[PDB]
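Colleague:
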Amino acid sequence: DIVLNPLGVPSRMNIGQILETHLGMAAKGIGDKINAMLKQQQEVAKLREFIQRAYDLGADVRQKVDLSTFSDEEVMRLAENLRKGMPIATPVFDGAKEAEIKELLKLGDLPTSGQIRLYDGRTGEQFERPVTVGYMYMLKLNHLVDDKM
Amino acid sequence: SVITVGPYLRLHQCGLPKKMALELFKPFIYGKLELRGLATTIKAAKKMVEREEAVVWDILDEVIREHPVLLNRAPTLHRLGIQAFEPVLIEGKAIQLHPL
Amino acid sequence: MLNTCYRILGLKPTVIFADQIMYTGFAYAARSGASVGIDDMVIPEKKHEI
Amino acid sequence: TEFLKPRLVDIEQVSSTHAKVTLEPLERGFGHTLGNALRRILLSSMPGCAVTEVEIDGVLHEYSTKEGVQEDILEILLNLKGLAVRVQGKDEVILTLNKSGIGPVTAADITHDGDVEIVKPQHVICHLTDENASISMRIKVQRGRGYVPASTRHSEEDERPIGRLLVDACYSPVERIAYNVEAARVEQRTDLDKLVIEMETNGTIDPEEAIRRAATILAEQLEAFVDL
Amino acid sequence: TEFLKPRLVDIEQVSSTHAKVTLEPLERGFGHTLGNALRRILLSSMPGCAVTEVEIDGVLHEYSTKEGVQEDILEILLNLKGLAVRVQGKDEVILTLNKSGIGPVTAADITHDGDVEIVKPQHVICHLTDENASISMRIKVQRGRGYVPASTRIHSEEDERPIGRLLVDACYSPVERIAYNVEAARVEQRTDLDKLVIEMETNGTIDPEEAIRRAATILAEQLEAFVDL
Amino acid sequence: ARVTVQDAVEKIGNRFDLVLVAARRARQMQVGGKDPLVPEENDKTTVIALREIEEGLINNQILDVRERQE
Amino acid sequence: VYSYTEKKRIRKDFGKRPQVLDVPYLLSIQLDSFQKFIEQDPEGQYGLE
Amino acid sequence: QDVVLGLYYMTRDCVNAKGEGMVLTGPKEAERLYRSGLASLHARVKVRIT
Amino acid sequence: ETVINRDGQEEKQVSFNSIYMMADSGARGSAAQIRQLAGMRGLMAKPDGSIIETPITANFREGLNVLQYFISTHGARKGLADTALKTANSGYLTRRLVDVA
Amino acid sequence: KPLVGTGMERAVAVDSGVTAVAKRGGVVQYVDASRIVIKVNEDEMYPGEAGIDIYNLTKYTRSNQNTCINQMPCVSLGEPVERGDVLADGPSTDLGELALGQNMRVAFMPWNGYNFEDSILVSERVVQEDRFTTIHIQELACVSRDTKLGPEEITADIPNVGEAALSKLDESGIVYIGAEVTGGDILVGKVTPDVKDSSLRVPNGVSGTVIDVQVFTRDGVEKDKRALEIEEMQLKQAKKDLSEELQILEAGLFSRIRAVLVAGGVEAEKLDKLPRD
């Protein structure tokens, strides 16, 4: 839905947005998986396992959630609330390393590189180079075009 | 107004929003309209163009064809700050500009 | 390139040539595809040892 | 239903066979679709006639040059590449070209038959020396579809006996096509795709009607399940 | 020579919302030409049915706060926009709903008629929290193609707009996600014959067969003017 | 239509009296105007003069001499 | 831990350092200061008293 | 900024790609080989130009 | 980086890495930016002019310590302030050139 | 919600006072799009006062940057809440977590120069579903002063006007609520007395629907038909709010007195047949 320009990042050095894009693409993958088997009318037991691996993954972390002690109804509510994508919290100077990103991509069915094959909309051909796609959280600023014109 | 990239234009072409184009060239529209006899008085021409009818767009595109406009950023540091272009009528509210 | 043209053919060939350069460059940059990713920035292995 | 039918076609062309055509502004995104379909069909999807095999009386290896010619083997193959012939009836035909003496080797001396129909038979093929230049060879013209690369004719199977040199030739009469789409306006809207096609061929068929043929082809592909 | 004109086979359905269709073997190089053209036509122009105008009895403007319901009216308009309906008899049909008592107001509560069909009766719109929280709205539904905003729907400007009117943006897009794959089909002895498969995601309002038939018809009609001089 | 003056520069190169004589031409082509010497394709007089430079019989030095003719 | 509003949508995080001090009230700079200016503080050295 | 990289990708040369080592009549042929997806955008062909 | 075989043995040639394509083609960036992205960012100097004795040993792709980032803050604040305050003195100079000439 | 965050989103959302936070723990008893009623926990509410909590959420209001504020009840019926728990969500937040923009699906690739240097491409799908469309609230104020040539009247009769212009107006000279006004139209009709139509007109370009109208005046002055009708509407609204508050308090009072009268001797027939009084 959004097509940016790569040439911005090599000079402006704001390379963190690439990692944000990789995490965003990674985060949606867990959401679709839940959306895959939530729409399939699957028993809550199957969910309890999967979300369990989606929360205990990574290195030693301060997060420690016991999914198997809330309820059945609360787990169903969580599944209905996470079907759009599992949120990820990253502390400013205590964030996640690349290994955690790769491990979370393991949980989904997405390429590890973060670059996937694309198709030109008009010509229907294949771009000769893999292109990075992901979910970026962007803002609309107050400089409305109507006020400036 | 704000700018954007029109990567389908020639070196001597710049885009213009329809609203800005009509606002700028309305005095020329009345002269073009009264010459063709569609309107009668200045009030008649003003109320005719106020409704944005069909003939207004084509007569405006006629008068736009050869009437260069001058574009200049606010800090005109050097000699190329003020340049000229031939307008091309487009939809939107941004000055479509050549990349180069 | 443009300079050479400006000193051989004049002005109109140079400007039309520059326009053709822009069009072809845009078209074959879109058709090529050039993305940047973590796997594209390679860290030299010796650096740590250094 | 309630669609914008394209009209206002263009015919002007400043060339013998190099035509450009412009259409009425179509609906959004239809210009790219039609342009892409026409280009992809025209590049590699027509029946056509072209040389496929040439055997030279004297040359055995594809790099073994012969005296009496100022050009090379590769040069003569490129020269005969743009032969631009059309053959009717049988899809396979063989012909012989023999010339002895000095001067250029045109296409008129190809010993034409009733199934060659060569256009502009002044294409340079070879140049000759004083008296030793008595060259002769045979050319096979075949009917095929689109472009076939030399490799796919599988080429390195050693099935050619001595010097039955294969030639990388194209059956498609179209030499180059490129299309642009740009904005155009209607009485109140100003964003409709308008299409222009740059068409040129080798003179075998008229570029004005050539694209028409391609259109008909795609029409056939839709005649199976087109509701009417 | 011949061109092996392809027909359609295996039009089965999998989940009653998206369908996989298969075509008879095509000539070499024709898989990508037809696939892209068909996909673009599908995502471009389809006949679709959607809501445009809604009139709730107890409301002045869209930014009001209707009594009883526990959510604003903007989300009501958004949910009505997201509703998918199928009309068969005519093009313009007016729908009405009436619900009262504690409980969510699902789409099944709509006053369904013989000329209209609801594909998702379990779709929810509003939740009623009071045992006496009567709600009543009139829904205007019509056909169209593409996307039309409310900004250009006020172009009529006949002043036939009472206060109770509410204009919701229309999206006449029965198709959401389309894709296709080219597979090497097995035939008598030819090799250039390869089958094409199209997987299409729909809201449930249009059958895939008539969709692709209309797409091919529109493309042929467009090309009819192209094949001329 | 016409956008560049390279033809004017290459033989009659001057950017000032050229535009002055073009303005003098166009002013009385607009009011009290007569038929031009070249075909018109929905242009005004603000561009017809420059095209007359291309034909050769109208040039910057020609107008200065042609002023004596009038 | 894991309040009812937290159980609604648990946010996964990668935190190695265990926080020891919670984030303070982000307005204590203002409130407390004005709290000194208007309070009925006996023997106040800092106040309208 | 953008067009320069497009032109740079236009003119490169890898050591091996689809459709390399053969010859073409002229620049017109190279356009048709690439557009029909039979040869790579950059190869090691030998073309005749005027 | 690129090592592609051609009929048997492997051969080396210019890399097709996107970052190197941006750097070499001159579209955007230079050797400094590419060095900062992967190699050492470079030892920074205190605003008064003194150069700190502990260079940053980590690139942007890898993690940065809180002190390294904090040390790298005022290195860019000086440049940003210079650019912000340079729009007045420099432009004014042009005025003193226009009146005389 | 932001797919990738920091964990301070909840802190920034709840420490600021824009969102409504449950002051005392308990259970929810009645939810509404404009107000929230919370049945406070028995063991938490101090003796003497045995009422229940009322949270009157705010609605669309003009802000310093003309953006809109509107709280949305993010709770349901019959679910427990804790002390300091989030009950409503204001602008740019949801479920007690900060949310400033939207999470788009983006790809990094040059595309025909439409993203030439810093520009961006947007698919028409996002503008179909209105994922970024915003709401703005503007204030237009018209004052009625008194010059030497008599005070300027706000009457509905004006020379050199058409019936179409006054059709949106009422007979007092002020537009209704919800009438979709256009650029340059008249909202309140005022003339300066020969009368000069010093009325308030919408600035050109901007066009929308009128949300609210407010009237202020000194004591001892005429009140037009619309002035008296809006004053009566405000009186009725205040009376309704007070009546709802007192009836909710009285429901709580009846509950508590029934709870304390269940013991010590209660009349069985009076409990279920006679009214509470």
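Residue numbers (the authors' numbering), protein chains in the order written: chain L, 1095 to 1243; chain P, 353 to 452; chain H, 604 to 653; chain F, 6 to 158, 160 to 234; chain C, 6 to 234; chain G, 2 to 71; chain W, 2 to 50; chain Z, 504 to 553; chain S, 704 to 804; chain X, 697 to 889, 912 to 995.
Beta carbons: idealized from backbone N, C-alpha and C, even for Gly.
1. Could you spell out the range, first to last residue, of the beta strand (DSSP E) harbouring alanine 189/F?
2. Leaving aside the five residues before and after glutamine 127/C along the sequence, list all residues of the same chain whose C-beta is less than 8 Å from its C-beta, in chain order.
3. Suppose contacts are defined by Cβ-Cβ distances below 9 Å. Is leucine 228/F in contact with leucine 39/F by that definition?
4. Output the boundary residues of the alpha helix (DSSP H) element that contains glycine 1125/L.
5. What residues of chain S sit near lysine 650/H, judged by a beta carbon separation below 7 Å?
6. Using a Cβ cut-off of 7 Å, pull out every chain L residue sitting near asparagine 186/F, in sequence order please.
7. Does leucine 605/H get closer than 9 Å to chain G when you measure Cβ to Cβ?
8. State the beta-bridge partners of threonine 157/F as determined by DSSP.
9. At a Cβ cut of 7 Å, what residues of the stretch 608-630 of chain H count as close to chain G, listed as they run along the chain?
10. What's the gap between the Cα of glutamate 438/P and the Cα of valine 4/G?
11. Determine the extent of the alpha helix (DSSP H) in which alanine 735/S is found, giving its start and end residues.
12. Count the C-beta pairs between the stretch 618-635 of chain H and the stretch 193-213 of chain C that are closer than 8 Å, then say yes if the count reaches three, no if not.
13. Using DSSP's beta-bridge definition, name the partner residues of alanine 784/X.
14. Per DSSP, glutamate 876/X forms a beta bridge with which residues?
15. Quickly, what does DSSP pair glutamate 438/P with across the bridge? List them, please.
16. Report buried or exposed for residue 1058/L, applying the criterion of at least 16 other Cβ atoms within 10 angstroms of its Cβ.
17. Interface residues of chain G around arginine 417/P at Cβ under 7 Å?
18. Which term fits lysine 13/W, buried or exposed, when burial requires 16 or more other beta carbons within 10 angstroms of its beta carbon?
19. Decide if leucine 21/G is buried, meaning its Cβ has at least 16 other Cβ atoms within 10 Å, or exposed.
20. For the alpha helix (DSSP H) holding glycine 149/C, just list the boundary residues, first then last.
21. Applying a beta-carbon distance threshold of less than 8 Å, which residues of chain D neighbour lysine 1242/L?
22. Short of 8 Å in beta carbon distance, which residues of its chain neighbour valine 928/X, apart from the five on each side in sequence? Order them along the chain.
23. Which residue from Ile183/C, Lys86/C and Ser139/C puts its Cα closest to that of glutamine 147/C?
24. Closer than 7 Å by C-beta to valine 98/C: which residues in its own chain qualify, once you throw out the five before and the five after it? Chain order, please.
25. Counting only beta-carbon atoms, is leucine 544/Z nearer than 9 Å to chain L?
26. Between which two residues does the alpha helix (DSSP H) holding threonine 196/F run?
27. Which same chain residues, not among the five before or five after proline 11/F, have their C-beta less than 6 Å away from its C-beta?
28. Tell me whether the stretch 762-778 of chain X and the stretch 706-723 of chain X touch, counting them as touching only if at least three CB pairs, one residue from each stretch, are closer than 8 Å.
29. Give me the Cα-Cα distance between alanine 779/S and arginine 551/Z, rounded to the nearest whole angstrom.
30. State the Cα-Cα distance for the pair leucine 47/C and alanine 216/C, rounded to the nearest angstrom.
31. Tell me which residue opens and which closes the alpha helix (DSSP H) that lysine 370/P is part of.
32. Can the beta-carbon of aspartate 1203/L be found less than 9 Å from the beta-carbon of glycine 1152/L?
33. Is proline 776/X close to chain W? Criterion is C-beta to C-beta, closer than 9 Å.
34. Could you check what DSSP says for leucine 28/F in three-state terms: helix, strand or coil?
35. Confirm, please, whether the CB-CB distance from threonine 702/X to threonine 1184/L is below 9 Å.
36. Just to confirm, are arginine 720/X and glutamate 740/X a CB contact at a threshold of 9 Å?
Modeller: A quick look at the data gives this:
1. On the fourth sequence, residue 189/F is found 183 positions in, with the first residue counted as 1. Note, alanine 189/F: beta strand (DSSP E), 180-190.
2. Walking along the fifth sequence from the start, residue 127/C turns up at place 122. These residues qualify, in order along the chain: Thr111, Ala112 and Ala113.
3. By one-based count along the fourth sequence, residue 228/F stands at place 222. By one-based count along the fourth sequence, residue 39/F stands at place 34. In this structure, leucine 39/F does not lie closer than 9 Å to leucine 228/F by Cβ.
4. Along the first sequence, read from residue 1 onward, the residue named residue 1125/L stands at position 31. Start and end: 1110-1132.
5. Working through the third sequence from its first residue, we reach residue 650/H at position 47. Within chain S, the residues near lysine 650/H are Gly742.
6. For the purposes of this step, residue 186/F is identified with residue 180 of the fourth sequence, where counting begins at 1. The contacting residues do not exist; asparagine 186/F stays about 12 Å from chain L at best.
7. Start at 1 with the first residue of the third sequence, and residue 605/H comes out as number 2. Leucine 605/H does not count as touching chain G.
8. One-based indexing of the fourth sequence puts residue 157/F at position 152. In DSSP, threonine 157/F forms no bridge with anything.
9. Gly613, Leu614 and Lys615
10. What you label residue 438/P is simply residue 86 of the second sequence in a count that begins at 1. What you label residue 4/G is simply residue 3 of the sixth sequence in a count that begins at 1. Going by the C-alpha atoms only, they are around 9 Å apart.
11. By one-based count along the ninth sequence, residue 735/S stands at place 32. Taken as a continuous stretch (DSSP letters only), the alpha helix (DSSP H) holding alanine 735/S covers 734-741.
12. no
13. Here residue 784/X is taken as the residue at index 88 of the tenth sequence, counted from 1. Bridge partners of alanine 784/X: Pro769/X.
14. Looking up residue 876/X in the tenth sequence gives position 180. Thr927/X.
15. Stepping through the second sequence from its first residue, residue 438/P is reached at position 86. Answer is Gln365/P.
16. Because chain L spans 1095 through 1243 in this model, residue 1058/L falls outside it and cannot be assessed.
17. On the second sequence, residue 417/P is found 65 positions in, with the first residue counted as 1. Within 7 Å Cβ-Cβ: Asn43.
18. Looking up residue 13/W in the seventh sequence gives position 12. Buried, because 16 or more other Cβ atoms sit within 10 Å of the Cβ of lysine 13/W.
19. Your numbering for residue 21/G matches position 20 in the sixth sequence. The residue is exposed, with fewer than 16 neighbouring Cβ atoms inside 10 Å.
20. Translated into the one-based positions of the fifth sequence, residue 149/C becomes position 144. Run containing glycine 149/C: none in the alpha helix (DSSP H); it sits in the beta strand (DSSP E), 140-149.
21. Looking for chain D here will not work: the only protein chains present are L, P, H, F, C, G, W, Z, S and X.
22. One-based indexing of the tenth sequence puts residue 928/X at position 210. For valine 928/X, where only same-chain residues beyond five positions count, the Cβ hits under 8 Å are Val871, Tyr872, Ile873, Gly874, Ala875, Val877 and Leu883.
23. Reading the fifth sequence from its first residue, position 142 is the one you call residue 147/C. Of the listed residues, the one whose Cα sits closest to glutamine 147/C is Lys86/C.
24. Residue numbering aside, residue 98/C sits at position 93 when the fifth sequence is read from its first letter. Excluding residues within five positions, the ones whose Cβ falls inside 7 Å are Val92, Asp120, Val121 and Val146.
25. Here residue 544/Z is taken as the residue at index 41 of the eighth sequence, counted from 1. Yes, its Cβ sits closer than 9 Å to a Cβ of chain L.
26. On the fourth sequence, position 190 is the one that residue 196/F refers to. Premise fails: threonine 196/F is in no alpha helix (DSSP H) and is neither H nor E.
27. The count along the fourth sequence starts at 1 and reaches residue 11/F at position 6. Result list for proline 11/F: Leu28, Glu29 and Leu31, in chain order.
28. yes
29. The count along the ninth sequence starts at 1 and reaches residue 779/S at position 76. The count along the eighth sequence starts at 1 and reaches residue 551/Z at position 48. Each residue's alpha carbon lies about 54 Å from the other.
30. For this step, residue 47/C is matched to residue 42 along the fifth sequence. For this step, residue 216/C is matched to residue 211 along the fifth sequence. Approximately 8 Å, taken between the alpha carbons.
31. Against the second sequence, residue 370/P aligns to sequence position 18. Here the alpha helix (DSSP H) through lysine 370/P covers 370-388.
32. Residue numbering aside, residue 1203/L sits at position 109 when the first sequence is read from its first letter. Residue numbering aside, residue 1152/L sits at position 58 when the first sequence is read from its first letter. Against a cut-off of 9 Å, the Cβ pair of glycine 1152/L and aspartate 1203/L comes out as no contact.
33. Counted from its first residue, the tenth sequence places residue 776/X at position 80. It does: the Cβ of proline 776/X has a partner Cβ on chain W nearer than 9 Å.
34. By 1-based counting over the fourth sequence, the position of residue 28/F is 23. In the structure shown, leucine 28/F sits in coil (DSSP, three-state: anything other than H, G, I, E or B).
35. Your numbering for residue 1184/L matches position 90 in the first sequence. Your numbering for residue 702/X matches position 6 in the tenth sequence. Closer than 9 Å, so yes.
36. Against the tenth sequence, residue 720/X aligns to sequence position 24. Against the tenth sequence, residue 740/X aligns to sequence position 44. Contact flag set, yes.
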